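Notes follow once the structure below has been shown.
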Ligand code: BCL
Ligand code: BCL
Ligand code: BCL
Ligand SMILES: CC[C@H]1c2cc3[nH]c4c(c3C)C(=O)[C@H](C(=O)OC)c4c3nc(cc4[nH]c(cc(n2)[C@@H]1C)c(C(C)=O)c4C)[C@@H](C)[C@@H]3CCC(=O)OC/C=C(\C)CCC[C@H](C)CCC[C@H](C)CCCC(C)C
Ligand SMILES: COC(C)(C)C/C=C/C(C)=C/C=C/C(C)=C/C=C/C(C)=C/C=C\C=C(C)\C=C\C=C(/C)CC/C=C(\C)CCC=C(C)C
Ligand SMILES: CCCCCCCCCCCC[N+](C)(C)[O-]
Ligand SMILES: CCCCCCCCCCCC[N+](C)(C)[O-]
Ligand SMILES: CCCCCCCCCCCC[N+](C)(C)[O-]
Ligand SMILES: [Cl-]
Ligand SMILES: [Fe+3]
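Chains as they are written, first to last, in the numbering used here: chain L, 1 to 240; chain V, 241 to 521; chain Y, 522 to 822.
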């Protein structure tokens, strides 16, 4: 009858849909590799999809996925076992080297632009008309690390102009230079900003940005990866 | 094997129990101590379900059903064949669910990300425990719990609901249904909005978050934004499950009459309770 | 630790008049105020809104639907505001009696008003649909919102329009009332032998529950990786960063399959539209083709 026909029709449609969906989610990170980087023999049941091409705004070219994958940076790790499946030990400083939870991806050394072609993120001192409108203004507060020591003070907020939100604190260190701190990794309090991820001695190691009025997508990743990695790698200096 | 970008994340550490003992993967799967625990509880539960199928006399998946003890066993144990298997399996299922949440915390620590996912998953574990643990304990018998069976768990929903008239009248049920409905709407919009920007009119360049905020403002006058939409989806669905657990923890415990009759507090309010006409008097 | 559910600091700049593209700027309002309250969770800015011919048409229609129902509620209350307040949930604007078939000749007090209000609702919703399509066109975006919106319109069209016509009477349609539309739903299932046996109801429930699982996982994830700029999803599609990598590896290490930044949004749109798509088929077949889902399920078909 007509209802059994409808419910068989649907299950076949759903099989096709799941297939389409699984292959759409294969457009990054494939083909699979062995831990030495050569292509794995077994790539799974579904094949790769035909490539698609994104036209990027503002004259920044195209992207085609799937397409040639390369880390485009050195990975300072070594095998800890003789068979597949075990962890890879850092061979140096995992925070200096950008591995594990401190990892960064080699994105474009360009800033993200808004719908008009201007830099998305600007320090507030250069964003006309932008001010703190609610909450505690962190500018001027000292910054405390997880070792309960003071590493610097907030000298600006870097803001998302089109989305009107704070994205980075700009911290001045005891030697006069500044670093960016992700907003999502600080705790603003009445009389201080507290940073759980980093101990005070690790602030100088935060990657620095090359022009002082803009931050590129690559530097954003290095900064954020570094700060997040301190949760694992700076635990020998965390207190309650 | 490994995603092309995966090797740099497969570092030692982040575990909560065991140190480096179970700090390894099987194919794509992280294991960890709670990976082993999950496998142990799951394996045990499955075996116990197959044993339940032997005692019940059928192997059809649409017919297998593990029932709780009868109501007369109160909150004691019961023989295996008559509710004991449900009791052990219920323990196993809790072990597997909690181990799953904790294995996720371990995955979160290695990856250096926040704990929002396992936290969200704990609300689903909470709704399950309301149905099989908190509510039966408060009502004084395991028998008020639901059976493990594809279709019989549905029969329990119908019977339990109709014990109180049309269950639609539970006011916490009403609120929970709203969050479920609003969640699905917000998920459709969120998916539609990102894709419509990534995938513009043919030959046009990729749009920007600005186009996304412009679209919603043009349409309804307000855009919650790209961080807010994800805050919203988290809150909408966690709320829906919270009010689900609530709508059942109060049913049969503090309210046990027909749910439609609860609404007579509004109607009987003294200033209008005797004005004639309308629908009520 | 900081969770990113609410913002610690709010910043504000000039009001964002928005992207222009091919939009007719003559039809954008002024910006509303800024809400600090909304600012803790999402954006603070209200406005502007776009109102063209379709927008006025849809809004005037929808108000006329709302008012027609509320005028009837006042009549049932004998125009007594205390009765109106007391019995608000119990008032109901019912469709014509079965005797009137699909005819428009039913008297106002016995269904004709239901038809007026349904006509206003019919206009209101389809105008709004064309509006979701044309707002996307002006900005140069895909029509994903309009097509997804179509999936909800389908269930609504089935309940109040297509099924009544196939059944041959307007009385099959849903009444306008709080408790009465709840009763109608309960009644519908009893009369068709338990909707729990309707396999499309069962799938619909799966996608509804699944939608909650998915938005829970997706929103939790993006907040979990918002320390790496994760919520900036379009740029992460154009130029994968460590947020997208870590979000994928969570899903891989947890349950073994892959999820890209774009891919996860295809799951999102489909999980959601499938709720009302399958739902509409389950209602459409109830009473037209299948009288009793329990009986139907006994022959498994
Ligand atoms: C005749 C039936 C009654 C009725 C009686 C009931 C009863 C009875 C109950 C509900 C409850 C609910 N009803 Mg009601 N309900 C009716 C009509 C409706 C309508 C409608 C349109 O009419 C709607 C939308 C709803 C909606 C809902 C929700 C508010 C809620 C279910 C979600 C939930 O608890 O998730 C919570 C999620 C879970 C429990 C899932 C947990 C999953 C676990 C943690 C992990 C699973 C792992 C799994 C084993 C792994 C699988 C293996 C794989 C290999 C990995 N009801 C009618 C009037 N309703 C239920 C509720 O609120 O429960 C708390 C409930 O008990
Ligand atoms: C939530 C409120 C009610 C309830 C009311 C309903 C109603 C009403 C319906 C279901 C439906 C289903 N419910 Mg139930 N159900 C509840 C509690 C549960 C629990 C639990 C808490 O342990 C589980 C595991 C299930 C499992 C299921 C499936 C048999 C089915 C599809 C689920 C789905 O898509 O979810 C959303 C999840 C996803 C999309 C992710 C993938 C989930 C997979 C498919 C789960 C497979 C579980 C498997 C069959 C049993 C595991 C056994 C062991 C592994 C051996 N229900 C409580 C008692 N459930 C529907 C159905 O068709 O039933 C016949 C249906 O109509
Ligand atoms: C006693 C009651 C019966 C029952 C009777 C029904 C009936 C009858 C129906 C459902 C339907 C549904 N049921 Mg059931 N259901 C029962 C038990 C359950 C249980 C459970 C026990 O746990 C659950 C979880 C569900 C779950 C579900 C949903 C999956 C599904 C509705 C989808 C949806 O999004 O609708 C909500 C979405 C809409 C109604 C779409 C609305 C779109 C329109 C265009 C919006 C216009 C808004 C308008 C302009 C007003 C705006 C106001 C202002 C702008 C703010 N049912 C029992 C067995 N159920 C529906 C379905 O599809 O079944 C197959 C349905 O019709
Ligand atoms: C809180 C919001 C929603 C939510 C969220 C959510 N679910 C989640 C997560 C989150 C955030 C996860 O992180 C986690 C996950 O990893 O998903 C991919 C999970 C997940 N939610 C799942 C299911 C699920 N979630 C549901 C609901 C919801 N999940 C909520 C609506 C439902 C519903 C509505 O019914 C189901 C069925 C899984 C896919 C997964 C958890 C997997 C897990 O715990 O694996 C360990 C357990 C086993 C491998 C099997 C153990 C077997 C037992 C020992 C025996 C069987 C006992 C059982 C009681 C029998 C019952 C069968 C009958 C009822 C038919
Ligand atoms: C404050 O008081 C005043 C008077 C100012 C205003 C008061 C307003 C009030 C109290 C409003 C209350 C509104 C309520 C309670 C509304 C509830 C609505 C509900 C619950 C609706 C539920 C479902 C509706 C559905 C499924 C409707 C579907 C309708 C259609 C698909 C339309 C089909 C079209 C038809 C039949 C007509 C077509 C005719 C032609 C000629 C094309
Ligand atoms: C009901 C939509 C959600 C809130 C948006 C309200 C309308 C925003 C437009 C306000 C602008 C009008 N005005 C007079 C302030 O300029
Ligand atoms: C569950 C509530 C829904 C969120 C809506 C807006 C809530 C306002 C939250 C304000 C809290 C911010 N504060 C003051 C703690 O910094
Ligand atoms: C795109 C997500 C795929 C999820 C599908 C899950 C199917 C579970 C429900 C199947 C059983 C329901 N029923 C009645 C049709 O048998
Ligand atoms: Cl909550
Ligand atoms: Fe997203």
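Cβ atoms here follow ideal geometry from the backbone N, Cα and C, with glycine treated the same way.
In this structure, what does DSSP give as the bridge partners for residue 165 (chain L)? For the purposes of this step, residue 165 (chain L) is taken as the residue at position 165 of the first chain. Under DSSP, the beta-bridge partners assigned to residue 165 (chain L) are L:160.
At a CB-CB cut-off below 9 Å, which residues of chain L make contact with residue 531 (chain Y)? Against the third chain, residue 531 (chain Y) aligns to sequence position 10. Those are 132, 133, 134, 135, 164, 165, 166, listed as they occur along chain L.
With DSSP as the reference, identify every bridge partner of residue 405 (chain V), one or two as the case may be. Along the second chain, one-based indexing puts residue 405 (chain V) at 165. When beta bridges are read from the DSSP output, residue 405 (chain V) appears opposite V:403.
Can you determine whether any heavy atom of ligand 4 sits closer than 7 Å to the C-beta of residue 389 (chain V), and answer yes or no? As a working mapping, residue 389 (chain V) is identified with position 149 in the second chain. Checking every heavy atom of ligand 4 against the Cβ of residue 389 (chain V), one is found closer than 7 Å.
Suppose the cutoff is 7 Å on Cβ atoms and the five residues either side in sequence are ignored; what does the same chain contact list for residue 732 (chain Y) look like? Working through the third chain from its first residue, we reach residue 732 (chain Y) at position 211. Only 792, 793, 796 meet the Cβ criterion.
I'd like to confirm something about residue 368 (chain V): is its beta-carbon nearer than 7 Å to some heavy atom of ligand 2, or not? Within the second chain, numbered from 1, the residue matching residue 368 (chain V) stands at position 128. Residue 368 (chain V) Cβ: within cutoff of ligand 2.
Interface residues of chain Y facing residue 426 (chain V) [CB-CB closer than 8 Å]: For the purposes of this step, residue 426 (chain V) is taken as the residue at position 186 of the second chain. Residues of chain Y whose Cβ lies closer than 8 Å to the Cβ of residue 426 (chain V) are, in chain order, 736.
Between residue 169 (chain L) and residue 193 (chain L), is the Cβ-Cβ spacing less than 8 Å? Numbered from its first residue, the first chain carries residue 169 (chain L) at position 169. Numbered from its first residue, the first chain carries residue 193 (chain L) at position 193. Residue 169 (chain L) places its beta carbon less than 8 Å from that of residue 193 (chain L).
Would you report the Cα separation of residue 840 (chain Y) and residue 663 (chain Y), rounded to the nearest angstrom? Lying before the first or after the last residue shown, residue 840 (chain Y) is absent from chain Y, which here runs from 522 to 822.
For ligand 4, I want to know if residue 741 (chain Y) counts as a neighbour, meaning its beta carbon is within less than 7 Å of at least one of the ligand's heavy atoms. Here residue 741 (chain Y) refers to the residue found at position 220 of the third chain. Flag set: Cβ of residue 741 (chain Y) near ligand 4.
What do you get for residue 665 (chain Y), buried or exposed, if any count of 16 or more other CB atoms within 10 angstroms of its CB means buried? As a position in the third chain, residue 665 (chain Y) is number 144, starting the count at 1. Counting every other CB atom within 10 Å of its CB across the protein chains shown gives residue 665 (chain Y) a total of 16 or more, marking it as buried.
Simplified DSSP state of residue 708 (chain Y), which is helix, strand or coil: Locating residue 708 (chain Y) in the third chain gives position 187, where the first residue counts as 1. Reduced to three states, the DSSP call for residue 708 (chain Y) is helix.
Which residues, in order along the region 740–758 of chain Y, keep a beta-carbon less than 9 Å from a beta-carbon of chain V? Listed by position along the chain: 740, 741, 742, 743, 744, 745, 746, 747, 748, 749, 751, 752, 753, 754, 755, 756, 758.
Neighbouring residues, chain Y, relative to residue 435 (chain V) (Cβ below 8 Å): Along the second chain, read from residue 1 onward, the residue named residue 435 (chain V) stands at position 195. Correct list: 663, 665, 783, 786, 787, 790.
What does residue 555 (chain Y) pair with, by DSSP beta-bridge criteria? Looking up residue 555 (chain Y) in the third chain gives position 34. In DSSP, residue 555 (chain Y) forms a bridge with Y:566.
Thinking C-alpha only, which one of V:414, V:444, V:521, V:242 is nearest residue 483 (chain V)? Sequence index remark: in the second chain, residue 483 (chain V) carries index 243 (1-based). Of V:414, V:444, V:521, V:242, the residue nearest in Cα terms is V:414.
Quick one, which of V:261, V:357, V:289, V:339 has its alpha-carbon nearest residue 81 (chain L)'s? As a first step, residue 81 (chain L) must be located in the first chain, where it is residue number 81. Closest by alpha carbon: V:261.
If you measure from the beta carbon of residue 322 (chain V) to each beta carbon in chain A, is any gap under 8 Å? The chain inventory of the structure shown lacks chain A, comprising the protein chains L, V and Y.
Any heavy atom of ligand 1 inside 7 Å of the beta-carbon of residue 422 (chain V)? Position 182 of the second chain, counted from the first residue, corresponds to residue 422 (chain V). For ligand 1, not one heavy atom lies less than 7 Å from the Cβ of residue 422 (chain V).
Take the Cβ of residue 399 (chain V) as the centre, count every other Cβ of all protein chains shown within 10 Å, and call the residue buried at 16 or more, exposed below. Along the second chain, one-based indexing puts residue 399 (chain V) at 159. It is exposed - the Cβ of residue 399 (chain V) has fewer than 16 other Cβ atoms within 10 Å.
Closest Cβ-Cβ distance between residue 265 (chain V) and chain L: below 8 Å? Looking up residue 265 (chain V) in the second chain gives position 25. Answer yes: the Cβ-Cβ gap between residue 265 (chain V) and chain L drops below 8 Å somewhere.
Pull up the distance between the alpha-carbon of residue 749 (chain Y) and that of residue 259 (chain V), whole angstroms please. Start at 1 with the first residue of the third chain, and residue 749 (chain Y) comes out as number 228. Start at 1 with the first residue of the second chain, and residue 259 (chain V) comes out as number 19. As the crow flies, the alpha-carbon of residue 749 (chain Y) is around 27 Å from that of residue 259 (chain V).
If you run the structure through DSSP and keep just helix, strand and coil, what is residue 22 (chain L)? Within the first chain, numbered from 1, the residue matching residue 22 (chain L) stands at position 22. Three-state DSSP puts residue 22 (chain L) in a helix.
For a minimum of 4 consecutive residues, which ranges assigned as the alpha helix (DSSP H) are wholly contained in the region 428–513 of chain V? Note on the region 428–513 of chain V: whole alpha helix (DSSP H) runs with a minimum of 4 residues are 449–460, 466–489, 499–502, 504–507, in chain order.
For a quick check, are the C-beta atoms of residue 221 (chain L) and residue 763 (chain Y) less than 8 Å apart? Mapped onto the first chain, residue 221 (chain L) falls at position 221. Mapped onto the third chain, residue 763 (chain Y) falls at position 242. A contact, by the Cβ cut-off of 8 Å.
With three or more C-beta pairs closer than 8 Å as the rule, is the region 175–185 of chain L touching the region 223–236 of chain L? Touching, per the Cβ criterion.
Identity of the residue in V:331, V:390, V:304, V:435 nearest residue 723 (chain Y) by Cα: Here residue 723 (chain Y) refers to the residue found at position 202 when the third chain is read from its first residue. Closest option to residue 723 (chain Y), judged by alpha-carbon separation, among V:331, V:390, V:304, V:435: V:390.
Put residue 133 (chain L) into one of helix, strand or coil per three-state DSSP. For the purposes of this step, residue 133 (chain L) is taken as the residue at position 133 of the first chain. Three-state DSSP puts residue 133 (chain L) in a strand.
Answer with yes or no whether the minimum CB distance from residue 769 (chain Y) to chain L is below 8 Å. Numbered from its first residue, the third chain carries residue 769 (chain Y) at position 248. A Cβ of chain L is located within less than 8 Å of the beta carbon of residue 769 (chain Y).
So, is the C-beta of residue 780 (chain Y) closer than 8 Å to a C-beta in chain L? Indexing the third chain from 1 puts residue 780 (chain Y) at position 259. It does: the Cβ of residue 780 (chain Y) has a partner Cβ on chain L nearer than 8 Å.
Would you list the one or two residues that DSSP bridges to residue 531 (chain Y)? Within the third chain, residue 531 (chain Y) is the residue found at index 10, counting from 1. For residue 531 (chain Y), which the question treats as bridged, DSSP gives the partners L:134.
Taking contact to mean at least 3 C-beta pairs separated by less than 8 Å, is the region 543–557 of chain Y in contact with the region 667–683 of chain Y? Result no; under three Cβ-Cβ pairs closer than 8 Å.
For chain V, check one thing: does any of its Cβ atoms lie closer than 8 Å to the Cβ of residue 571 (chain Y)? Residue mapping note: residue 571 (chain Y) aligns to position 50 of the third chain, counting from 1. Output row for residue 571 (chain Y): interface = yes.
Top-ranked residue by Cα proximity to residue 71 (chain L), from V:243, V:498, V:510: Taking the first residue of the first chain as 1, we reach residue 71 (chain L) at position 71. The shortest Cα separation from residue 71 (chain L) among V:243, V:498, V:510 belongs to V:243.
Hey, does residue 95 (chain L) have any beta-carbon neighbour from chain V nearer than 8 Å? Looking up residue 95 (chain L) in the first chain gives position 95. Chain V contact via Cβ: absent.
For a contact defined as C-beta to C-beta under 7 Å, what are the partners of residue 732 (chain Y) on chain V? Here residue 732 (chain Y) is taken as the residue at index 211 of the third chain, counted from 1. Annotation: Cβ neighbours of residue 732 (chain Y) in chain V (cutoff 7 Å, chain order): 423, 424, 427.
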